[PDB]
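J.: Here it is, the structure in full.
Backbone-built Cβ (ideal geometry, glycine too); neighbour counts: all protein chains shown. Here, each number is a calculation from the coordinates, and none is a lab measurement.
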Amino acid sequence: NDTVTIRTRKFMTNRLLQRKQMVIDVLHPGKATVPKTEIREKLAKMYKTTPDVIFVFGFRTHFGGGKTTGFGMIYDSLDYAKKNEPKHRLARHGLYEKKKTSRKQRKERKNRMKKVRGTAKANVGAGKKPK
Amino acid sequence: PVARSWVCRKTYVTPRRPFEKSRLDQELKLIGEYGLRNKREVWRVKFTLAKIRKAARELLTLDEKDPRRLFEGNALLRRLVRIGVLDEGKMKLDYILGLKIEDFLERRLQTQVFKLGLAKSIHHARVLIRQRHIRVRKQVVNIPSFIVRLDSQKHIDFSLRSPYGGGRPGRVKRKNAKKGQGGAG
Amino acid sequence: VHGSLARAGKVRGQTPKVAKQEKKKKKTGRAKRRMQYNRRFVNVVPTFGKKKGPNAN
Amino acid sequence: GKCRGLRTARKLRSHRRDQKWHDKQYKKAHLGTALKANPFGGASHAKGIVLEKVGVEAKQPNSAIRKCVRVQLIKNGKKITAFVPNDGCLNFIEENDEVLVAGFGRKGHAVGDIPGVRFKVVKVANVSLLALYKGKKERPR
RNA sequence: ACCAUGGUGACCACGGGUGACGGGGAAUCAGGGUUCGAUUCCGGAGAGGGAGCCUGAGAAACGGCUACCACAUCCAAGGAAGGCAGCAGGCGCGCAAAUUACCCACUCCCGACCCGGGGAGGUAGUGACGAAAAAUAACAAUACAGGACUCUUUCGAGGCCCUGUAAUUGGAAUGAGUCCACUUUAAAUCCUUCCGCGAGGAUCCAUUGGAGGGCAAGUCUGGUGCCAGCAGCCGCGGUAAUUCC
């Protein structure tokens, strides 16, 4: 709010991916590492876009404070931003429900459907109620 | 199987024989003068000074108008000028062999921060590096054996976070102030 | 006598065991390279004795 | 005299390959029977149990009874001797233990003055032998 | 099948041994070499031991089948099931070697495929195999001792330099630890950024070896009496040991 500089360098757009990607460094005098929730709006008040397309990550801070630096990008459309995007960076600020069963149980269900062959209702209910 | 680097070599080497008095005590007056932590980082810099003279002995038996002498030699000579051990105009292949080990202990950060008077008492100039105070131009460094170059030799000063470069005092003022306004106003 | 197989541990188990009494902790590391460099090279004392060794009595 | 000429190297490489047998080190490391002779068989340490404390008198200019044990290994369990290189430490070792033995120091020959010893004692009963000599472990329950 | 009586050899065949997978390499280094390379890259071999096959573009496939050998499971005695020199773990051999942890997010692979699978692979935990950096107080003021600095002088200490005894303190010094918050990542932890804490016998306390020689360091005190022991070698020890404790 008082003394933070958000420079950019090495900006390249591509309408291939319909994104606008660049390198961002964050220079602060003596404060802490400012969060993404304070930085991903400081491009939104400068690129004039909605801050549901600006995705920032990768902030690694130098030895001695001052300049931390990282990578950021801007999709063209939130409709685009949910098509060509992996779900892990998409869900760092809340946009997707990702919690299935942990994979070690889902492995064992697939091999258990494999040992009860063919019967479609016992390829669904191969022990749903016995839990 | 892995994508690890695997490439890690040693940097110093042990001497040929141990316990001879014209080796360790002539090297004891270097461990104490330029104020180093132990003799492991003297065998480091003597092997650093060795491998340049390992390269420099090939470059003297290489003839003149040689491709790999003038290429490698100039590239060597433009690498130790910028490190400060060798001056500019008399850069040669011949003046590099008369070089001694003193001229690489001078070109550390630990005594180029002493002779700029940023601290006295050369063992203290180790500490105010390691104690997070003294910077290269925008980069504070707590490493005493930083080999400072010559372009960035003038910008050593206190860091802008430092007690001696900024403010926001530590506990030792704040605890001495607290006992006065803790039993009184 | 000739000590055939007995008195294994004859001289350790009868010599007096003195308590290792506590002292100042010794300065280590960079301080050890400080505190003995001053004792050997900068103080070349004008005393004689044909280079009397550092552990004299 | 020796056999030089620019076609001879069979003669040199066949005169060499037998004349390397006659020193000790190439014969003891490549014929293979000296790899069977040591009880370790390509090793440096091998455990064993203590049979009996039996003492040997040292060699000629000395006179003292050096103390030894009578280890029998678990791998290839042939009898050996072993010296306990310490002052009181025949009393720290006891009957029917398991110990570790190492070399006595100079490659299958005795050191000092013990006649016919080849092995030394480390770590009786998985606690260190010098750590019983200083007071850093005790023998278990 | 019919014929021919030939082939290989002291220029080492044939036979045997190999604690031999072959190589790119590693250590070593005046030059010549010497030794290892099971191992992450490529090429070969084998999935308990031999052997035989189906299907497939590709197999003499074993996370395909059947026979035998050897080991081994369930069983209501009728018959089934097998094969970790895949990843974690156990047992056993052993001087002797990682957690029955998380994820496909990253590098790639397969498919019908922007969508699914991946103990490949990455993230962790053990790790003093190792390699690379680097704490364990410096600063101080007497003070204790020396200084080419001092009077027209070995007048005497001192307007000035270094060191140890031994202090009293200190303050924009500081970490490891304690712990927020960001951050990193798949979600974490790391580590860096940052509040708050956090050092007077800085008690938050440096260990491994040695002190006759080779070989840097004690003829200091005591105990011992060829005993106990030390010592890689030469040696030391038998009432005053510079070697043992």
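J.: I'd like the full set of residues that are away from chain C (no Cβ under 14 Å), of a type in the set (D, E, K, R) and near RNA strand E (Cβ under 7 Å from one of its atoms), limited to segment B:5-50.
T.: Once the filter is applied, which keeps residues that are away from chain C (no Cβ under 14 Å), of a type in the set (D, E, K, R) and near RNA strand E (Cβ under 7 Å from one of its atoms), segment B:5-50 yields B:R9, B:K10, B:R17, B:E20, B:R44.
J.: Could you list, in sequence order, all residues of segment D:1-21 that are assigned to a loop (DSSP other than H, G, I, E, B) and surrounded by 10 or more Cβ atoms within 10 Å (Cβ to Cβ)? Give the derivation first.
T.: We begin by selecting, within segment D:1-21, every residue assigned to a loop (DSSP other than H, G, I, E, B); these are D:1-8, D:20-21.
Matches in segment D:1-21: D:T8, D:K20, D:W21.
J.: From the residues in segment B:123-147 that are more than 8 Å from RNA strand E (Cβ to nearest atom) and assigned to a loop (DSSP other than H, G, I, E, B), which one is surrounded by the fewest Cβ atoms within 10 Å (Cβ to Cβ)?
T.: Result: B:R137.
J.: Go through (1) more than 7 Å from RNA strand E (Cβ to nearest atom); (2) more than 19 Å from the chain's Cα centre (by Cα); (3) under 30 Å from D:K53 (Cα atoms) one by one and return the number of the condition C:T47 breaks.
T.: It fails just one condition, (3).
J.: Output the residue which, of all residues in segment C:41-57 that are of a type in the set (A, V, I, L, M) and under 18 Å from B:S22 (Cα atoms), is surrounded by the most Cβ atoms within 10 Å (Cβ to Cβ).
T.: C:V42
J.: Can you name the number of the only condition in (1) more than 14 Å from chain B (Cβ to nearest Cβ); (2) in contact (Cβ under 8 Å) with a residue 24 or more places away in the chain; (3) not hydroxyl-bearing (S, T, Y) that A:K67 fails?
T.: Failing condition for A:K67: (1).
J.: Right, next: Tell me, yes or no, whether segment C:10-28 has at least one residue that is within 14 Å of chain B (Cβ to nearest Cβ), exposed (fewer than 12 other Cβ atoms within 10 Å of the Cβ), under 30 Å from B:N38 (Cβ atoms) and over 17 Å from the mean Cα position of the chain (by Cα).
T.: So far as segment C:10-28 goes, no, none of its residues is within 14 Å of chain B (Cβ to nearest Cβ), exposed (fewer than 12 other Cβ atoms within 10 Å of the Cβ), under 30 Å from B:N38 (Cβ atoms) and over 17 Å from the mean Cα position of the chain (by Cα).
J.: Can I ask one more? May I ask you to list the residues in segment C:6-24 that are more than 6 Å from RNA strand E (Cβ to nearest atom) and among the basic types (K, R)?
T.: C:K17, C:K20, C:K23, C:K24
J.: Can you tell me which residue in segment D:67-92 is surrounded by the most Cβ atoms within 10 Å (Cβ to Cβ), limited to those that are aliphatic (A, V, I, L, M) and assigned to a loop (DSSP other than H, G, I, E, B)? Give the steps one after another, and end with the answer.
T.: Kept after step one, since they are aliphatic (A, V, I, L, M), are these residues of segment D:67-92: D:69, D:71, D:73-74, D:80, D:82, D:84, D:90.
Filter once more, so that each one left must be assigned to a loop (DSSP other than H, G, I, E, B): D:71, D:74, D:80, D:84, D:90.
Numbers: D:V71: 25, D:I74: 10, D:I80: 20, D:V84: 23, D:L90: 20.
Within segment D:67-92, the match that is surrounded by the most Cβ atoms within 10 Å (Cβ to Cβ) is D:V71.
J.: Okay, next question. Six or more apart or on different chains, Cβ under 9 Å: which pairs go from a residue in segment D:75-96 that's without any contact (Cβ under 8 Å) to a residue 24 or more places away in the chain and facing chain C (nearest Cβ under 8 Å) to one that's among the aliphatic types (A, V, I, L, M) and within 12 Å of RNA strand E (Cβ to nearest atom)? Could you list them?
T.: D:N91/C:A8
J.: Taking only segment B:148-181 into account, find how many residues are within 22 Å of the chain's Cα centre (by Cα) and part of a helix (DSSP H, G or I).
T.: 3
J.: Which one is nearest to the chain's Cα centre (by Cα), of the residues in segment D:99-141 that are near RNA strand E (Cβ under 8 Å from one of its atoms) and β-branched (V, I, T)?
T.: D:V111
J.: If you go through segment C:25-44, how many residues are hydroxyl-bearing (S, T, Y) and more than 6 Å from RNA strand E (Cβ to nearest atom)?
T.: Counting residues in segment C:25-44 that are hydroxyl-bearing (S, T, Y) and more than 6 Å from RNA strand E (Cβ to nearest atom) gives 1.
J.: Residues in segment B:92-100: is at least one within 14 Å of RNA strand E (Cβ to nearest atom) and of a type in the set (K, R)?
T.: The initial filter retains those residues of segment B:92-100 that are within 14 Å of RNA strand E (Cβ to nearest atom), namely none.
No, the conditions are met nowhere in segment B:92-100.
J.: So is C:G3 within 12 Å of another protein chain (Cβ to nearest Cβ), within 30 Å of D:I65 (Cβ to Cβ) and touching a strand residue (DSSP E or B) at 6+ places or on another chain (Cβ under 8 Å) or not?
T.: Criteria met by C:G3.
J.: Give segment B:74-96 a look and list any residue that's in a loop (DSSP other than H, G, I, E, B), within 16 Å of B:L60 (Cα to Cα) and without any contact (Cβ under 8 Å) to a residue 12 or more places away in the chain, or say none. Step through it out loud before you land on a result.
T.: Of segment B:74-96, the ones in a loop (DSSP other than H, G, I, E, B) are B:81-96.
Applying the additional criterion that residues be within 16 Å of B:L60 (Cα to Cα) yields B:91-96.
Residue satisfying the conditions is B:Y95 alone.
J.: From the residues in segment C:33-44 that are more than 16 Å from the chain's Cα centre (by Cα) and within 14 Å of B:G35 (Cα to Cα), which one is farthest from the other protein chains (Cβ to nearest Cβ)?
T.: Initial filter on segment C:33-44 (more than 16 Å from the chain's Cα centre (by Cα)): C:33-35, C:37-44.
Those left that are additionally within 14 Å of B:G35 (Cα to Cα): C:33-35, C:37-38, C:41-42.
Details: C:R33: 5, C:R34: 6, C:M35: 10, C:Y37: 3, C:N38: 7, C:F41: 5, C:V42: 8 Å.
Across segment C:33-44, the extreme among qualifying residues is C:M35.
J.: Take the residues in segment B:137-147 that are within 14 Å of chain A (Cβ to nearest Cβ) and under 13 Å from the mean Cα position of the chain (by Cα); name whichever of them is nearest to A:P29 (Cα to Cα).
T.: Among them, the one singled out is B:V141.
J.: What pairs come out if I take residues in segment D:51-70 that are more than 12 Å from chain C (Cβ to nearest Cβ) and over 15 Å from C:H2 (Cα atoms) and pair them with residues that are surrounded by 15 or more Cβ atoms within 10 Å (Cβ to Cβ) and of a type outside the set (D, E) whose C-beta lies under 6 Å away, six or more apart or interchain?
T.: Taking only residues 6 or more apart or on different chains, the pairs are D:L51/D:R70.
J.: Still on this structure, please answer the following. Here is a list of conditions, (1) of a type outside the set (A, V, I, L, M); (2) on the phi > 0 side of the Ramachandran plot; (3) more than 10 Å from RNA strand E (Cβ to nearest atom); (4) over 18 Å from the mean Cα position of the chain (by Cα), and A:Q18 meets all of them except one; can you say which number that is?
T.: Of (1) of a type outside the set (A, V, I, L, M); (2) on the phi > 0 side of the Ramachandran plot; (3) more than 10 Å from RNA strand E (Cβ to nearest atom); (4) over 18 Å from the mean Cα position of the chain (by Cα), only one is false for A:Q18: (4).
J.: Restricting attention to segment A:18-31, does a residue exist that is in contact with a strand residue (DSSP E or B) (Cβ under 7 Å, 6 or more places away or on another chain), among the aliphatic types (A, V, I, L, M) and loosely packed, with under 13 Cβ neighbours inside 10 Å?
T.: Step one: of segment A:18-31, the residues in contact with a strand residue (DSSP E or B) (Cβ under 7 Å, 6 or more places away or on another chain) are A:18-27.
Adding the requirement that they be among the aliphatic types (A, V, I, L, M) leaves A:22-24, A:26-27.
When the remaining residues are screened for being loosely packed, with under 13 Cβ neighbours inside 10 Å, the result is none.
No: segment A:18-31 contains no residue that is in contact with a strand residue (DSSP E or B) (Cβ under 7 Å, 6 or more places away or on another chain), among the aliphatic types (A, V, I, L, M) and loosely packed, with under 13 Cβ neighbours inside 10 Å.
J.: If you don't mind, there's one more thing I want to ask. Name the residue, out of A:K100, A:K114, A:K104, that is within 30 Å of A:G72 (Cβ to Cβ) and of a type in the set (D, E, K, R).
T.: A:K100
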